[PDB]
Each structure stands twice: as C-alpha cells, then as structure tokens.
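Novice:
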Ligand SMILES: [Zn+2]
Ligand SMILES: [Zn+2]
Ligand SMILES: [Zn+2]
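Numbering (the entry's author numbering), first residue to last: 701 to 878.
Below is the structure:
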C-alpha cells in the first residue's frame, strides 16, 4: 500500500485499502474509515464496483435528471466520493472550515457554506436528493466569487469549482457536450 494518505498526501496513522493500494487517514476518508470490517474496501473501490456491476451506469445522463435523484445508498456514496475528490485538491483548505467576512467594500453572503458543513450534512443524512448536495457545493464557490469581487483571490473559487464540476460530470456520468 501507499505510505501517504490519498487525500492530504501526508504520512501518519493510515488505514490501508484491502482491494487497492491506497491509504487514508481515518477522517480524510469519507465516510470516516469504518471500525471493523476485514477486508476493508475504500470509496474508490466501492465506486468502481458500482460501475462494474452496472456498466450502463456510465452512459451519458442529463444533469437535470441526476439532480432529482433521491439520495439512496448509491447516490449517497457518489456524493461522498465527489466531496472527497474536492478535499483531494490542496486548495480545498480555503473552503474547509467556517469562513468570516470583514472586507472593506464587501458584504458577507446571506448563506455561508463550507466543506466541513457539507461533510456533516452528508454524515447526518440531511440531503434527500442529489440536488441538495450539489446546491450547497456550488454555493461555496459562488459565495467566494461574490465576496472577493475583483481581488485576484477570487480565482481560488474558480479553480476549486472546476475540480468539483469535472468530478461531478465524471462520477455521475453526465453526457459529454461542446
Ligand atoms: Zn489525510
Ligand atoms: Zn481501494
Ligand atoms: Zn446493470
């Protein structure tokens, strides 16, 4: 197995996947690495299994249809994986914890949002449809773009949103377009 966490790229107390060479810190994995279960399969392996069991699941989909799906176990897992893919980018540190807003010439967002809040919301099964999860994820970056205005720091929101969106289109097999 790898000797660093797949998400944060640090060593430490790592739990190893039994079906692939990836490793994780306990709370870097989403959901948090389970207490027992030998063997243990990581979220990357669990997602691969879904695809292998239903190869047609990779045919193109309309975003509108994906968003309306109820959060049954497979959609739950897919949102957890997409959330994990965002944390895998080091620029996610900017969006992880609860933000605060005191900048001359800007007002804070009406509805602040951050990754750890989405993580808790998933854990607590607070989303009933994929749309709930996707809306809160997109809101993180929209809030950032609006607040930082013309500061070049706005680009961090664009960058991490692009990682979100590419992974969304991959995991949920959104129909490719020009
Ligand atoms: Zn880690
Ligand atoms: Zn694995
Ligand atoms: Zn099938």
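The beta carbon of each residue, even a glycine, is placed where N, CA and C say it ideally should be.
1) Compare the beta carbon distance of residue 792 and residue 822 with 8 angstroms and say whether it is the shorter of the two.
2) Spatial neighbours of residue 818 within its chain, please: CB distance less than 8 angstroms, with the 5 preceding and 5 following residues excluded, ordered by chain position.
3) Can you tell me whether DSSP reads residue 777 as helix, strand or coil?
4) Could you please go through the chain and list the residues whose beta-carbon is closer than 7 angstroms to any non-hydrogen atom of ligand 2?
5) State yes or no: is the C-beta of residue 756 nearer than 7 angstroms to some heavy atom of ligand 3?
6) Taking residue 842 as part of the alpha helix (DSSP H), name the residues at either end of that continuous run.
7) Using the beta-carbon count (16 or more within 10 Å), is residue 754 buried or exposed?
8) Helix, strand or coil: which one does DSSP assign to residue 874?
9) Could you name the residues whose beta carbon sits closer than 5 angstroms to any heavy atom belonging to ligand 1, keeping them in chain order?
10) In whole angstroms, what is the alpha-carbon distance linking residue 844 and residue 742?
11) Tell me whether the beta-carbon of residue 760 lies closer than 8 angstroms to the beta-carbon of residue 873.
12) Assuming residue 715 is part of the beta strand (DSSP E), what are its boundary residues?
13) If you drop the 5 nearest sequence neighbours on each side, which residues of the same chain put their C-beta closer than 6 angstroms to that of residue 769?
14) On the CB-based measure, 16 or more other CB atoms within 10 Å of its CB, does residue 730 come out buried or exposed?
Specialist: So, from the data block:
1) no
2) So the list reads 783, 833, 836, 837, 840, once near-sequence residues are dropped.
3) Three-state DSSP puts residue 777 in a helix.
4) 717, 719, 720, 722, 741, 742, 744, 745
5) Checking every heavy atom of ligand 3 against the Cβ of residue 756, one is found closer than 7 angstroms.
6) 830-848
7) exposed
8) strand
9) Counting every residue whose Cβ lies closer than 5 angstroms to a heavy atom of ligand 1, we get 705, 707, 708, 725, 728.
10) 31 angstroms
11) Cβ distance < 8 angstroms, so residue 760 and residue 873 count as in contact.
12) Residues 714-716.
13) 775, 830
14) buried
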